[PDB]
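Shown here: coords.cif, mmCIF, C-alpha atoms.
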data_upload
loop_
_atom_site.label_atom_id
_atom_site.label_comp_id
_atom_site.auth_asym_id
_atom_site.auth_seq_id
_atom_site.Cartn_x
_atom_site.Cartn_y
_atom_site.Cartn_z
CA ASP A 81 -91.52 6.84 15.67
CA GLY A 82 -90.75 10.30 17.02
CA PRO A 83 -93.55 12.35 18.57
CA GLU A 84 -92.95 15.07 15.97
CA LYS A 85 -94.45 12.65 13.44
CA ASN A 86 -97.81 12.63 15.22
CA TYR A 87 -97.59 16.37 15.91
CA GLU A 88 -97.30 17.35 12.25
CA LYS A 89 -99.63 14.57 11.07
CA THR A 90 -102.42 15.68 13.41
CA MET A 91 -101.98 19.33 12.38
CA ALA A 92 -102.40 18.39 8.72
CA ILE A 93 -105.55 16.48 9.68
CA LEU A 94 -106.86 19.48 11.60
CA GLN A 95 -106.29 21.77 8.61
CA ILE A 96 -108.02 19.32 6.28
CA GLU A 97 -110.94 18.96 8.69
CA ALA A 98 -111.35 22.73 9.13
CA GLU A 99 -111.44 23.38 5.38
CA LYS A 100 -113.87 20.48 4.97
CA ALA A 101 -115.99 21.89 7.80
CA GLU A 102 -115.83 25.43 6.41
CA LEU A 103 -116.76 24.33 2.88
CA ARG A 104 -119.73 22.30 4.16
CA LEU A 105 -121.23 25.31 5.95
CA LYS A 106 -120.72 27.50 2.88
CA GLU A 107 -122.50 24.98 0.63
CA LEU A 108 -125.55 25.08 2.90
CA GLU A 109 -125.46 28.84 2.38
CA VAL A 110 -124.89 28.69 -1.38
CA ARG A 111 -127.59 26.10 -2.11
CA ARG A 112 -130.28 27.83 -0.04
CA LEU A 113 -129.54 31.26 -1.51
CA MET A 114 -129.46 29.89 -5.06
CA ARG A 115 -132.84 28.27 -4.45
CA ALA A 116 -134.16 31.69 -3.35
CA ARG A 117 -132.95 34.30 -5.86
CA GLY A 118 -132.54 31.80 -8.71
CA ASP A 119 -129.66 33.66 -10.42
CA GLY A 120 -127.28 30.73 -10.14
CA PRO A 121 -125.76 28.04 -12.36
CA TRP A 122 -127.86 25.22 -10.88
CA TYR A 123 -131.48 25.04 -9.65
CA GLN A 124 -132.54 26.57 -13.00
CA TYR A 125 -135.86 24.84 -13.54
CA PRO A 126 -136.63 24.24 -17.22
CA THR A 127 -138.55 26.71 -19.36
CA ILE A 128 -139.71 26.86 -22.99
CA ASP A 129 -137.03 27.76 -25.53
CA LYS A 130 -137.42 31.08 -27.35
CA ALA A 131 -136.27 29.44 -30.61
CA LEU A 132 -139.32 27.25 -31.29
CA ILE A 133 -141.72 30.06 -32.17
CA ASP A 134 -142.98 31.20 -35.56
CA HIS A 135 -142.04 34.78 -36.43
CA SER A 136 -143.06 34.69 -40.10
CA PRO A 137 -146.17 36.72 -41.02
CA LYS A 138 -149.46 35.11 -40.04
CA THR A 139 -152.80 35.11 -41.89
CA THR A 140 -154.28 37.85 -39.66
CA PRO A 141 -152.68 41.33 -39.75
CA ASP A 142 -152.69 42.06 -36.03
CA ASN A 143 -150.65 39.77 -33.76
CA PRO B 1 -153.36 49.65 -16.61
CA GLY B 2 -153.87 52.87 -18.57
CA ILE B 3 -155.56 54.57 -21.51
CA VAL B 4 -157.07 52.84 -24.56
CA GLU B 5 -157.08 56.02 -26.66
CA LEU B 6 -158.52 55.36 -30.11
CA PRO B 7 -159.37 57.58 -33.09
CA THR B 8 -162.49 59.73 -32.84
CA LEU B 9 -165.58 59.38 -35.02
CA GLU B 10 -164.38 62.28 -37.20
CA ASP B 11 -161.99 60.32 -39.42
CA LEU B 12 -164.35 57.33 -39.74
CA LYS B 13 -166.41 58.79 -42.60
CA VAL B 14 -165.02 57.44 -45.86
CA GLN B 15 -166.93 57.18 -49.13
CA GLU B 16 -167.71 53.53 -48.47
CA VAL B 17 -168.21 51.42 -51.58
CA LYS B 18 -171.94 50.76 -51.98
CA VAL B 19 -171.53 47.77 -54.30
CA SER B 20 -172.36 44.18 -53.41
CA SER B 21 -170.23 41.03 -53.46
CA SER B 22 -171.01 39.89 -57.01
CA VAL B 23 -169.95 43.19 -58.59
CA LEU B 24 -166.94 43.29 -56.25
CA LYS B 25 -165.89 39.79 -57.33
CA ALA B 26 -166.85 40.29 -60.98
CA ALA B 27 -164.04 42.82 -61.41
CA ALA B 28 -161.69 41.57 -58.67
CA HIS B 29 -158.66 40.74 -60.81
CA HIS B 30 -158.79 43.99 -62.79
CA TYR B 31 -159.33 45.98 -59.59
CA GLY B 32 -156.48 44.09 -57.94
CA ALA B 33 -154.18 44.69 -60.91
CA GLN B 34 -155.05 48.40 -61.20
CA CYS B 35 -155.33 49.52 -57.55
CA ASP B 36 -152.35 47.66 -56.09
CA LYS B 37 -150.48 50.85 -55.16
CA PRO B 38 -152.89 51.76 -52.31
CA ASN B 39 -153.54 48.11 -51.42
CA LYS B 40 -149.95 46.97 -50.90
CA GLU B 41 -148.62 49.62 -48.51
CA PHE B 42 -151.88 49.68 -46.55
CA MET B 43 -151.73 45.92 -46.06
CA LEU B 44 -148.02 46.29 -45.29
CA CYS B 45 -149.10 48.86 -42.70
CA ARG B 46 -151.54 46.30 -41.30
CA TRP B 47 -148.75 43.76 -40.82
CA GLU B 48 -145.84 45.99 -39.79
CA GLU B 49 -147.74 48.32 -37.45
CA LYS B 50 -149.74 45.38 -36.03
CA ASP B 51 -152.43 47.90 -35.03
CA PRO B 52 -155.55 49.03 -36.95
CA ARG B 53 -155.49 52.50 -35.40
CA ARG B 54 -152.16 53.54 -36.94
CA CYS B 55 -153.21 52.66 -40.52
CA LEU B 56 -156.34 54.81 -40.77
CA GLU B 57 -154.63 57.15 -43.24
CA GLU B 58 -153.99 54.28 -45.66
CA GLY B 59 -157.35 52.71 -44.83
CA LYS B 60 -159.30 55.55 -46.44
CA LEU B 61 -157.04 55.74 -49.50
CA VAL B 62 -157.76 52.18 -50.64
CA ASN B 63 -161.50 52.81 -50.40
CA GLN B 64 -161.07 56.13 -52.21
CA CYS B 65 -158.93 54.51 -54.92
CA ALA B 66 -161.67 51.90 -55.40
CA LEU B 67 -164.12 54.63 -56.41
CA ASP B 68 -161.79 56.00 -59.09
CA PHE B 69 -161.54 52.50 -60.53
CA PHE B 70 -165.28 51.88 -60.17
CA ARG B 71 -166.56 55.08 -61.77
CA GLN B 72 -164.01 54.58 -64.55
CA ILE B 73 -166.07 51.56 -65.61
CA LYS B 74 -169.26 53.65 -65.52
CA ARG B 75 -167.80 56.02 -68.14
CA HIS B 76 -167.10 52.85 -70.17
CA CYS B 77 -168.42 49.34 -70.82
CA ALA B 78 -170.51 49.24 -67.64
CA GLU B 79 -173.46 47.72 -69.51
CA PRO B 80 -171.42 44.54 -70.21
CA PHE B 81 -170.28 44.81 -66.59
CA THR B 82 -173.89 44.82 -65.41
CA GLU B 83 -174.72 41.74 -67.49
CA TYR B 84 -171.65 40.00 -66.06
CA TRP B 85 -172.15 40.68 -62.35
CA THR B 86 -175.89 40.00 -62.71
CA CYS B 87 -175.01 36.51 -63.98
CA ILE B 88 -172.41 35.69 -61.32
CA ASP B 89 -174.80 36.11 -58.38
CA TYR B 90 -177.20 33.50 -59.75
CA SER B 91 -174.62 30.83 -58.92
CA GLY B 92 -174.48 30.09 -55.20
CA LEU B 93 -170.69 29.67 -55.19
CA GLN B 94 -170.05 32.90 -57.15
CA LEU B 95 -167.95 30.84 -59.54
CA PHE B 96 -166.49 32.03 -62.85
CA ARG B 97 -166.63 28.71 -64.76
CA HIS B 98 -170.35 29.19 -65.49
CA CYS B 99 -170.02 32.78 -66.78
CA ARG B 100 -167.17 32.47 -69.27
CA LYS B 101 -168.98 34.24 -72.12
CA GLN B 102 -169.60 37.37 -70.03
CA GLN B 103 -166.05 37.06 -68.71
CA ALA B 104 -164.97 37.59 -72.31
CA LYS B 105 -167.39 40.49 -72.84
CA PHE B 106 -166.06 42.35 -69.81
CA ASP B 107 -162.48 41.51 -70.81
CA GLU B 108 -162.82 42.52 -74.47
CA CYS B 109 -164.42 45.83 -73.46
CA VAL B 110 -161.86 46.69 -70.77
CA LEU B 111 -159.03 45.54 -73.07
CA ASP B 112 -159.25 48.53 -75.45
CA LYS B 113 -161.32 51.29 -73.81
CA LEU B 114 -159.07 51.22 -70.72
CA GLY B 115 -156.37 48.61 -71.32
CA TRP B 116 -156.59 46.68 -68.04
CA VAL B 117 -155.35 43.26 -69.11
CA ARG B 118 -156.62 40.07 -67.50
CA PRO B 119 -154.23 39.03 -64.70
CA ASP B 120 -152.78 35.65 -65.60
CA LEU B 121 -153.09 32.73 -63.19
CA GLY B 122 -151.00 33.19 -60.05
CA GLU B 123 -150.08 36.79 -60.87
CA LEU B 124 -152.05 38.27 -57.96
CA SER B 125 -150.61 35.66 -55.56
CA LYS B 126 -147.16 37.26 -55.54
CA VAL B 127 -145.12 38.95 -52.83
CA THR B 128 -144.34 42.49 -53.97
CA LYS B 129 -141.64 45.05 -53.14
CA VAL B 130 -144.02 47.83 -52.17
CA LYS B 131 -142.30 51.17 -51.69
CA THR B 132 -143.13 52.93 -48.43
CA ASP B 133 -142.24 56.14 -46.59
CA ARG B 134 -143.05 55.29 -42.97
CA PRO B 135 -140.17 53.84 -40.94
CA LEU B 136 -140.54 50.36 -39.50
CA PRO B 137 -141.74 50.35 -35.87
CA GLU B 138 -138.95 49.91 -33.35
CA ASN B 139 -141.09 47.36 -31.45
CA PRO B 140 -144.38 46.44 -33.18
CA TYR B 141 -145.50 44.56 -30.05
CA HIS B 142 -144.45 47.48 -27.79
CA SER B 143 -142.26 45.03 -25.89
CA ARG B 144 -140.76 46.29 -22.64
CA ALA B 145 -137.18 45.74 -21.49
CA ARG B 146 -135.64 42.29 -21.19
CA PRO B 147 -134.46 40.65 -17.95
CA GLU B 148 -130.70 40.35 -17.71
CA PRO B 149 -129.67 36.69 -18.08
CA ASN B 150 -127.84 35.04 -15.22
CA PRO B 151 -124.03 35.27 -15.40
CA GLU B 152 -122.48 32.64 -17.63
CA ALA B 153 -120.64 29.69 -16.12
CA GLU B 154 -116.97 29.58 -17.10
CA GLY B 155 -113.53 28.81 -15.70
CA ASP B 156 -111.46 25.67 -16.08
CA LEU B 157 -112.59 22.72 -13.99
CA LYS B 158 -110.70 22.15 -10.74
CA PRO B 159 -110.61 18.94 -8.67
CA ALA B 160 -113.15 18.92 -5.86
CA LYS B 161 -111.35 20.25 -2.79
CA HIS B 162 -110.71 17.38 -0.36
CA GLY B 163 -112.68 14.96 -2.51
CA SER B 164 -116.32 14.08 -1.98
CA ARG B 165 -116.52 15.97 1.35
CA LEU B 166 -119.61 13.85 2.12
CA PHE B 167 -119.39 12.75 5.78
CA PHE B 168 -116.09 10.90 6.37
CA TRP B 169 -115.46 9.85 2.76
CA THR B 170 -112.19 11.15 1.33
CA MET B 171 -110.42 11.09 -2.05
#
Just give me the structure as structure tokens.
Amino acid sequence: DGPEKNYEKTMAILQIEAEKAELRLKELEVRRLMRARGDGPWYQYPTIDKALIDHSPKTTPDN
Amino acid sequence: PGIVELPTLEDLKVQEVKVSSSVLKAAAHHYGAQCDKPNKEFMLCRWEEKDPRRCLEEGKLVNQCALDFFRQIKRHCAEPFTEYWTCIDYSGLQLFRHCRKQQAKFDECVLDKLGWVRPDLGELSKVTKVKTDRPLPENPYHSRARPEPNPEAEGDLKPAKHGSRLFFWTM
């Protein structure tokens, strides 16, 4: 086929590769930062729910 | 971490009741059914304030109100009261089932001279709507501020850009 076929086809590949390369480097920045400051959707290690706790009056006044 | 300021020795001189357990438990029901007004809001103070130091004002009133009840018996059938509470102690469990006859004698006396009726079974064990003047504490546990939760995840799902993006795998 015409050389313009390979010219445009390679350019599309280069654009796809660059975005894939750029996203990969950003993920290594997102995951590390999330693991540091913690305020992210993932890497939230489990805690104890604040719902399973008795708030009704006890048998000892102070508490 | 700070100051543990607590009330001085000045306010800790109340007219402490000098009675023993048997005489305390001999009346019990009548005292509970005649001095509930200072008992309920003081105990409510104990639960709501969650601190002994803030309920000293109600702490002295209940002791003081006990005296008015106690000396009221002295101006009345205290002799049957003495025979009663001097028969309760003899039992090691301080149980009423072995002193029914004196239970009557105390009851029949207090029924007409004063009018304090015998509290029926389960009457004392009752949650009450005690009126109070103090406002409820804003934070009984003195809790500090709360950490701001992480921002909520939202937004409609979008296909993963360029697929798996893991090494050479596509689609």
Worksheet entry | Output check: residues returned by the PyMOL selection byres ((chain A) within 8 of (chain B)), as a PyMOL selection string | chain A and resi 96+100+104+119-121+137+141-143
Worksheet item: On this structure, which residues satisfy the PyMOL selection byres ((chain B and resi 42) around 9), written as a PyMOL selection string?
Response: chain B and resi 37-41+43-47+55-59+61-62
Worksheet, complete the sentence: Correct to one decimal, the distance atom CA of residue 84 of chain B-atom CA of residue 101 of chain B is 8.8 Å
Fill in: Å distance separating atom CA of residue 86 of chain B from atom CA of residue 98 of chain B, one decimal place
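Atom-to-atom, atom CA of residue 86 of chain B to atom CA of residue 98 of chain B, that is 12.5 Å.
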Practice prompt. Pull out every residue that the PyMOL selection byres ((chain B and resi 66-68) around 12) matches in the shown coordinates and put them as a ChimeraX atom specification.
Written response: /B:14-19,24,27-28,30-39,59-65,69-75
Practice prompt. For segment 105-122 of chain B, work out the shell of residues within 6 Å, counting all atoms listed in the file and skipping chain neighbours fewer than 3 positions away, then give it as a PyMOL selection string.
Written response: chain B and resi 77+80-81+102+125
